[PDB]
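In structure tokens, one chain follows: the form deposited in one PDB entry.
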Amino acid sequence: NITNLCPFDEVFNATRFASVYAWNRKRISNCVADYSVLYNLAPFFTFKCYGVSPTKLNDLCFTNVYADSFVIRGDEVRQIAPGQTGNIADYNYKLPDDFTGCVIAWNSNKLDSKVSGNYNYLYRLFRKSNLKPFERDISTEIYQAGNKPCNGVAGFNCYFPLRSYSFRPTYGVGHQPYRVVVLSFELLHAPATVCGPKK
């Protein structure tokens, strides 16, 4: 028994998108979730769901909804899925095995690319252990080798943990920036805060 539409507009159409390093997380509750506006429009190239189907989204109710957003390379969109492996999955953003939700990703080369630039977006390349599901790491400490302590980036394993994609138009489709939004759902019984536009 709610009437206010969910704030999907400020999540998908937002001009700014967070880095895969320190990705953003927006909570959605107490609203009507009409998903037709998402997949009906042209710019959203890819849209996949796990545990549910795109057509059934408008007919379901959800107890809690989270909208994670970030930017990754085109070839790395594959890594955004349950049980996957790779830099983004291992060190930046990992989904749970029982993930229930959908992943929306589309090309944003026109927005997020500059000729010899686009240092806005960074990703973690070194970490001692893989992240837990939905884990977040904002630290940037140097990755000391162990045979000698480190205070700054040095030789052998003493690397600076983060790196930047440096998107440019000259890159191919695979390396071009892709704007990604991940929706997570919970399907328990009442109370339920999010429901579709049903009667």
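Note that the rigid core is defined as the largest set of C-alphas that superpose within 1.5 Å between two forms. When you see a residue number, it is the position in the sequence shown, counting from 1.
Unshown form solved in complex with a partner chain; subsequent notes refer to it.
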Practice task
Select from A154, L131, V37, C61 the only position whose Cα moves 2 Å or more between this form and the one not shown when the core is aligned.
Solution key: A154
Exercise for the section: Establish whether a shift of 2 Å or more occurs at the C-alpha of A14 between this form and the one not shown, with the two forms superposed on the rigid core. Expected result: no
Handout entry: Residue pair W23, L188 - Cα distance in the entry with it bound, closer or farther (3 Å or more)
Key = closer
Problem - Comparison of CA distance in the entry with it bound with shown form for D90, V153, at least 3 Å - result: farther
